[PDB]
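Written below as structure tokens is the structure these notes are about.
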Amino acid sequence: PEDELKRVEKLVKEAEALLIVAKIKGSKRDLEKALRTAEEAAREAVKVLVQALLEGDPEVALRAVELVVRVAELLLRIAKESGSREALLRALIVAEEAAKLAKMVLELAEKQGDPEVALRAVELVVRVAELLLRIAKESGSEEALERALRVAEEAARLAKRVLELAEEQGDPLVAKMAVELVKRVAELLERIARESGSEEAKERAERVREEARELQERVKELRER
Amino acid sequence: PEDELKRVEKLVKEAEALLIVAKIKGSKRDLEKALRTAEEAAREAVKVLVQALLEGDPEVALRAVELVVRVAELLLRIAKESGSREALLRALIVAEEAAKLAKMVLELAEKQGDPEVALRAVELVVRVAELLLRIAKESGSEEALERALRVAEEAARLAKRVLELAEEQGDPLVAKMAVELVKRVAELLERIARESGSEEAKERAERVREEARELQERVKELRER
Amino acid sequence: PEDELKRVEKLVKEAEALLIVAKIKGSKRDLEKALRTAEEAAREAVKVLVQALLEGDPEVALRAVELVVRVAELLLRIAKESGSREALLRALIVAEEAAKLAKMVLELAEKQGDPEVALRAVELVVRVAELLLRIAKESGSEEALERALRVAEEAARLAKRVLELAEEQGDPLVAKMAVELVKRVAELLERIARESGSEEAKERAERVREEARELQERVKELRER
Amino acid sequence: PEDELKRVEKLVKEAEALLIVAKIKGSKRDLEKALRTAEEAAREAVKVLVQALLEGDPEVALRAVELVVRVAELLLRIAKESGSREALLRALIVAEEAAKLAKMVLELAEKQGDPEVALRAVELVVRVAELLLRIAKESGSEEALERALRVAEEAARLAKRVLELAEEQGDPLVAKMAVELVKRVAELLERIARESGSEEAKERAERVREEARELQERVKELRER
Amino acid sequence: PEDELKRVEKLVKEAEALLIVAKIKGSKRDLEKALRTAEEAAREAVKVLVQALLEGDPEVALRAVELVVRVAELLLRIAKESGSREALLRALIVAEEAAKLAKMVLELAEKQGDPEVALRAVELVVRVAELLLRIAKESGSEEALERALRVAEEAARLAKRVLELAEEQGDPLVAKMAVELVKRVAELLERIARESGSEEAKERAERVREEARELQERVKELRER
Amino acid sequence: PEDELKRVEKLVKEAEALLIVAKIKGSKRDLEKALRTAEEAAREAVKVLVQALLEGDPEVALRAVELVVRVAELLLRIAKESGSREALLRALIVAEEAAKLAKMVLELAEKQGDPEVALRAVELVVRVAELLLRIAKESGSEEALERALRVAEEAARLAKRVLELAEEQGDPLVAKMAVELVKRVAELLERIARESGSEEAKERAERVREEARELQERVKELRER
Amino acid sequence: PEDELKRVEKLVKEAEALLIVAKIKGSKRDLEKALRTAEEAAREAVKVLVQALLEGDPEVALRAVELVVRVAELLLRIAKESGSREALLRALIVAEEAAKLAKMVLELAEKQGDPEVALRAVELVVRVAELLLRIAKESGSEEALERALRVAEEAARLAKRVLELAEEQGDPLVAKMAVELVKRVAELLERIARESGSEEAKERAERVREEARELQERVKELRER
Amino acid sequence: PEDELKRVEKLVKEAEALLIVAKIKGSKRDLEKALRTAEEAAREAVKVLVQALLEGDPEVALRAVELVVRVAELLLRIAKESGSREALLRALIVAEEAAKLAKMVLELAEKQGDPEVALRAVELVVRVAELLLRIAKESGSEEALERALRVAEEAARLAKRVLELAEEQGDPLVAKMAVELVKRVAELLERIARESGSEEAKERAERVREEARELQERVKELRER
Amino acid sequence: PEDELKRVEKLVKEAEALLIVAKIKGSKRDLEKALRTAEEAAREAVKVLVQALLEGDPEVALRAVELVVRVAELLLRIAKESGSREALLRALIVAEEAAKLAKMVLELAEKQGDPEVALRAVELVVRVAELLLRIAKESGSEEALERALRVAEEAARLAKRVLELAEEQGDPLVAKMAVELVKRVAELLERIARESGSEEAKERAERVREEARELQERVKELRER
């Protein structure tokens, strides 16, 4: 609930402080206390979401996954400072964690039938795929790009899955609000080909642009009553 | 209540700011924060109205739907800026939302018997049908005009329904104040034929001008005691 | 109370402004904001009076009904400008409203026994019957004259009712101050026969001039102790 | 107690509101909610008094019967509005109820020996006999005058009964304060002969004026020590 | 205490208002609300004093009896207006009440030993005996003069009783301040012989002038150490 | 404290006003309100001092006793006007009161060791002994002269007692400032022999002039280090 | 604890009040209530200390014995007023009581090893020996001087005992802070020879001045490491 | 915020005062109070910035770093006075501190995307590199020049980093406004070769003039749409 | 915390007052209340610091030790007045106390790694060694000089210990800011040889000037990367 998230926002908020004083003072006692403090917020947030996925409260769930992403952003701002690989390699866990959790909220909407609550989740997954870029381009790491393609296709499979609800409930507009989402995916996967030059990026990006074109005026077939 | 609406007016008021600074600076970080901030106000307003439709407080309800319309006006001023289709296609949801809600207040007046409170609602629905024009003529979109005809006839069916209360309570003047409303509807539907040239607009506009003439000095039959 | 009326005088005062700028500029955005702003003052004034009819504060009540009449005068100055029938037909509601409310203050004086406070009310009702003339002669409407006769006889029934208090409390002079009021009524109803030529006006005006003559030196019978 | 009466004053206070808005709006949904709301206060007040007649707290009892009379005044202001006979005929029940209850407080004072608390009760009974006049003269009903004579003699029997306490306790002045009460009764019963011309009114009024004269300087016989 | 007396001064202060408006307007609804409002202050004042006689707070007691006398003065200004005998005969109760209470404070000083607080009480009793004159000479009533002699001797018995404390505590001056009080009593009782010509007044006035002379330089016998 | 004394100076200041208007108008309603108003200030001043003797604030105490003396001067200006013995005999109480209180401040200085604050007190006691003369010579009373000798020796015992502090603290000059005080006492007691011719005045005045000579260059024995 | 001492300071503070009003008014009802109220504080203070000697809280103990001494000072200010021997002879009990208790705190410090807390106690015992002088010189009593010598040597035995802790803990300065204490004792015992001329005072004072000289640079032998 | 900076400007403003009076009077008590007072402002300013880097308020951050530089200027004006090395060596800490902090604001702009707010920061870093010259040329110290090269290249790395935002947001002019900044850097590093003759200055200055020439009409490639 | 220090600054601030009035008036009641009041502040300050050494709040600790030094300065200004040895010998305890406490804050910085917070502590210890001079030169005492050498070497051992942190964290400048501190120590110990002529002062001062020279450009070895 609300008061349980305020503890997590506090733990997060108590960690940028330990970071900036560590950027000022150069101390490493504090990063080691910021990192270990951010990991708490990434572990105290799942304790919230897991209570809220049992109840039918997804509006609280999304306000927890939105925190877990702010921890992965945070844990990236540490690795740039320290240059370590034990903090950077923690953010790819919290980032996979917040993608494997956004899917778990989408599942909660399919039974409840809440496309506006299912679509907010897929945006969070795209914040993650757009985050792992910033980890991969900054660090130059390769194990992130392997995941950003994983997480990105893990969303294009869901925009299709969100569209199966709009078409089911006769809400033609969230479909449009989801078809245009796949455009924001296909634009992303192309960015994984431009930087990190290869063929799987261009290929997988090309598989999705057809899965965009698969989501044609098919959607327009519904509002003709 | 009052303090709960001030939070929504705040959220709205905190979004034109993010828009004008985004029109000045050209930033897209802020539209993405304005859009996502306007959607909150469109979701925090229903949380108000839904509390107020349970109570017998329609005077507060209309002060919430009047906010939800100001969000649809807002979300149109973003699409003109960005040129996106995920913001424009959000305003047609908030606009349908504020029509499907104004009807829900009219229902609350039929049991309470408040024609002055039922007639203010139908004006809000006409602000919506007059809004979707500005979306359809500006954008050139077609899925709005399909709705503006839907929402407009969804009001002419209610002006008749408001007249069934005046005639029931012996208030001959709100009937007049509603008969002349259908004239403001029929003038609107004609505008959907002038622009967006077709026959359904002219036809449906012609069905209503007869339903205006159906609402003849029928109303005058009542105040003859 | 006082500070609550200053909000209503403000709302009224903020509406002549929107009118004159609309007469200068010819804009119709402003009438639609003046009308909708005057209606507030006609609805925020009843919220005052209704609080004051519960308390024994009629001196505040009359300072509210005097505002509601200034709104009906206002809403007539709009219809002359726009030529609409949805503003003119709103003033006949506020005008009936301020007559159905002045009676409600007179009732408060009968229990308190305040003929000077009961007689000020009947003057307000005569300002209304004298107002609906200006609506009927200007517009040429007929539904006002049907009401001006209604409101006018709705006062001659009360001047008699005020006289039943003076005669009860041994205040021979307010009776005189009320008997001469019926003369101001009978002069009015004659004016509804001169213009709007008919027999009900002349008839009903003639029924009251006898009800004036019924209120003979009957009043003089009291101060002979 | 105090907080239990504030609920009843609230229920009463929540009913004049429903009445004035019903006099403004002309609605009948609200009278049917005011009447049914006043009856609550007439039933929630006996729940107070009955708790207070068991305890020796008559000062609270009189503050409850004073409410039940304000409900009978209220339920008369509805019948003048609606013109119904199911509200008017409810006020004669609450009015008999508040007379059959004032006697029940007088009984509580005879054992406690509180003439100042016994005399306040008989005033409440005279407010009732003076109320049923306003029901009988306004409505023209006859079943009230049958009760006003019943309730009025039901007080003249008690002023005598109050005098039997003053004479018992050597408080010569409350006797005077009660002997002069019977004068206020005899003046009342005469009023039931003047209006509602008959002989029982004049007769019963004449039986009491002798029972006034029976209460001669008999009272003066006591303070001669 | 202080805030509890401010409620009583308020109730008193809210009653001269109802009186002057009743002298202006001639209304009798207001006297009947002033009288019934003054009686409250005479009953809410004993609720104060009785709380303060239990505690050792006579300085608050005298500030309550001083109010109860201001109510008896008030209830005399009503009888001159109305001419009633149920208000005049209420003031002789509040006046006896404030004499039977001043004695009850004097008793509280004998145990505490406070002659300056015992002597202020006897002055209040003399304000009462000097008040009942104004009731008896104005009205011409006889039942007051029977009490003014009762209350006056009820003080001369106490000035002697106050002197038994000064002589006990070796405070020779309050004795003088009390011996000269009996002179103010004997002057009073003579006034009850001058007006209301009789022998008991002259006799009882003569019994006290010897009880003044009994209180000779007896008092001077003490300060010779 | 300061704001609490301003209430007492106000009460005093509100009493000379009532006196001068009573000397102009000759009214006795006002003396009876001035006397009873001065007694308040003599009773509200002890409430100050008693709060200040508990704290170590003698500078405030002397600013209260200086008020109580101004009330005894005041209450003498009334007795000259009225010629009463109940006001004159009140001033000898306030005058004894302000002597029995100045001693109570001197006691507070002995523990604090403040000879300059102890000597100001003895001056106040001499203002009292010099005041009772003006009461005794004006009135011709004898019970004052019995007190002026009491109060005067009640100071010569204290000038000796003040000298025991100067000699204790090695402040040779306040001793001189106190030895010369006894000269102002011995001059006073002689004045009580010149007027009011007797032997106790001359005797007691002669006992003190030796107690002056006892306070020889004894004081000079100290400053020889 | 703290809130339990505030009750004792209250009881003390409620007793100077009863004293000053008794010095003003001369009443003996109040001394008999002040004395009996001070004895409470002397008995409610031991109830505190005894709870605090069981715990290891001497900082609270000294804040209780400091109260018991303020009661012995108080009970001396009564005997000067009344002149009684049952109040004076109560202060020598509270004064012995606060010496027999200060020793009981010193014992608590020897086990805890707190010389700064042991030395504050011996100061309290010297406040007692310096108090019994003021009882003996004022009253002229002899049974106090027998105790002041008892209590004074009961401290010089403890300053030696405090020095055995400083020497044990290697805190050379509290020893100095205690050696100079014995000088404040020896100066005291000499004062018991100057006044109350005898040989035991001079003798016992001379035994201690050698026990001062016994406490030579013996103390200086320690800080030579 | 604003009121928190006014405390820091006050602390600064309270330190030039202590300096000028120390230059007048020659006192060293005041430098030791000015230095220790300037260090507060350098420590109370980071407490501001650190609160403002958490919020998105860089406009306040730059108004704090601008203070910290005014303290380093101040702490240089002390070392010229005293000639000490503990004040001069404090200014190189506050100067490094205000460079390590300006970078921390630039980081805040990269996420917000505010090139005008990122470029103001790099100017502050150049005020620092231009300050350490005045420390190095005045004092002749070498440990400053080692830092001025550190801080100067720590800016040329950021002007490039600012240009990566302009090129990202399509703001071609702030790039120009940053390319010309590197010219102000390269001119500076040359000044570190002219004075303090060496090769690293000339070398590092030459590495940057090529990094200026690297920032060619590359910038002009963008505004060709 | 802050509000807990304001109580200690109050206790201190309430003691200079008692001193100046004691220098004016010459009273010894007040020194005995100032001394005993300063000792409170020296004992209420450790209660703060001890709470703050448990938390990681050294910024509050230094604001407490800075108070305890202001008490040792205060307790020296008393001994000059009284000439006592029980106040002077209390200041050497508070002065050792504030040195044994500054070390306890330095310990808190070694675990936190805060050289700027560790160096402020050693300055406080040098304020103490510079204070005991003013005690030793003024009084001429020898037991202070034994401590000033103890406290002074107790700092030169810590400046070395502070340098072990700078060298550990790569902060070359606080080392300089600490190396120059030992110069301020060696200058001090020489002052203990100039006055108080001996060889241990010159010797120990000479041991430290070599420990200054031990802290050579050793520090310069670090910033060569």
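Lettering and numbering for the structure tokens are positional, with chains as A, B, ... in the shown order, residues counted from 1 in each chain, and ligands counted from 1 in the shown order.
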Hey, which bits of chain H sit within 12 Å of chain A, and for each residue what's the closest pair of atoms and how far apart in Å (one decimal), counting only C-alpha atoms, rows by chain and increasing number, as JSON lines?
{"residue": "H:43", "atom": "CA", "partner": "A:24", "partner_atom": "CA", "distance": 11.6}
{"residue": "H:46", "atom": "CA", "partner": "A:24", "partner_atom": "CA", "distance": 9.0}
{"residue": "H:47", "atom": "CA", "partner": "A:21", "partner_atom": "CA", "distance": 9.8}
{"residue": "H:49", "atom": "CA", "partner": "A:20", "partner_atom": "CA", "distance": 9.8}
{"residue": "H:50", "atom": "CA", "partner": "A:20", "partner_atom": "CA", "distance": 6.9}
{"residue": "H:51", "atom": "CA", "partner": "A:17", "partner_atom": "CA", "distance": 8.3}
{"residue": "H:52", "atom": "CA", "partner": "A:17", "partner_atom": "CA", "distance": 10.7}
{"residue": "H:53", "atom": "CA", "partner": "A:20", "partner_atom": "CA", "distance": 8.2}
{"residue": "H:54", "atom": "CA", "partner": "A:16", "partner_atom": "CA", "distance": 7.0}
{"residue": "H:55", "atom": "CA", "partner": "A:13", "partner_atom": "CA", "distance": 10.4}
{"residue": "H:93", "atom": "CA", "partner": "A:25", "partner_atom": "CA", "distance": 10.8}
{"residue": "H:94", "atom": "CA", "partner": "A:24", "partner_atom": "CA", "distance": 11.0}
{"residue": "H:96", "atom": "CA", "partner": "A:24", "partner_atom": "CA", "distance": 9.6}
{"residue": "H:97", "atom": "CA", "partner": "A:24", "partner_atom": "CA", "distance": 7.0}
{"residue": "H:98", "atom": "CA", "partner": "A:24", "partner_atom": "CA", "distance": 9.3}
{"residue": "H:99", "atom": "CA", "partner": "A:24", "partner_atom": "CA", "distance": 9.6}
{"residue": "H:100", "atom": "CA", "partner": "A:24", "partner_atom": "CA", "distance": 6.3}
{"residue": "H:101", "atom": "CA", "partner": "A:24", "partner_atom": "CA", "distance": 6.7}
{"residue": "H:102", "atom": "CA", "partner": "A:24", "partner_atom": "CA", "distance": 10.4}
{"residue": "H:103", "atom": "CA", "partner": "A:23", "partner_atom": "CA", "distance": 9.8}
{"residue": "H:104", "atom": "CA", "partner": "A:23", "partner_atom": "CA", "distance": 8.0}
{"residue": "H:105", "atom": "CA", "partner": "A:20", "partner_atom": "CA", "distance": 10.6}
{"residue": "H:107", "atom": "CA", "partner": "A:77", "partner_atom": "CA", "distance": 9.9}
{"residue": "H:108", "atom": "CA", "partner": "A:77", "partner_atom": "CA", "distance": 11.3}
{"residue": "H:111", "atom": "CA", "partner": "A:73", "partner_atom": "CA", "distance": 10.8}
Next on the checklist: For a test of reading the model, state the distance in Å between atom CA of residue 190 of chain C and atom CA of residue 204 of chain C, rounded to one decimal.
Outcome noted: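 Distance between the two atoms: 8.7 Å.
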Checklist entry - Excluding same-chain residues fewer than 6 positions from residue 12 of chain I, what lies within 12 Å of it counting only C-alpha atoms, as number ranges by chain? => result I: 5-6, 18-19, 33-45, 64, 66-75
Checklist entry - To one decimal place, how far is atom CA of residue 174 of chain I from atom CA of residue 89 of chain H in Å? => result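 Straight-line distance from atom CA of residue 174 of chain I to atom CA of residue 89 of chain H works out to 8.1 Å.
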Item to check | Surrounding residues of residue 27 of chain B excluding itself and chain neighbours under 5 positions, 8 Å, only C-alpha atoms, as a ChimeraX atom specification | outcome: /B:21-22 /H:113,169
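Between atom CA of residue 144 of chain H and atom CA of residue 209 of chain I the interatomic distance comes to 26.7 Å.
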Next on the checklist: Neighbouring residues of residue 133 of chain B were defined as those with any atom within 9 Å, considering only C-alpha atoms; residues of the same chain fewer than 4 positions away were excluded. Please report them as a list in words.
Outcome noted: residues 128, 129, 137, 138, 144, 145, 148, 191 and 192 of chain B
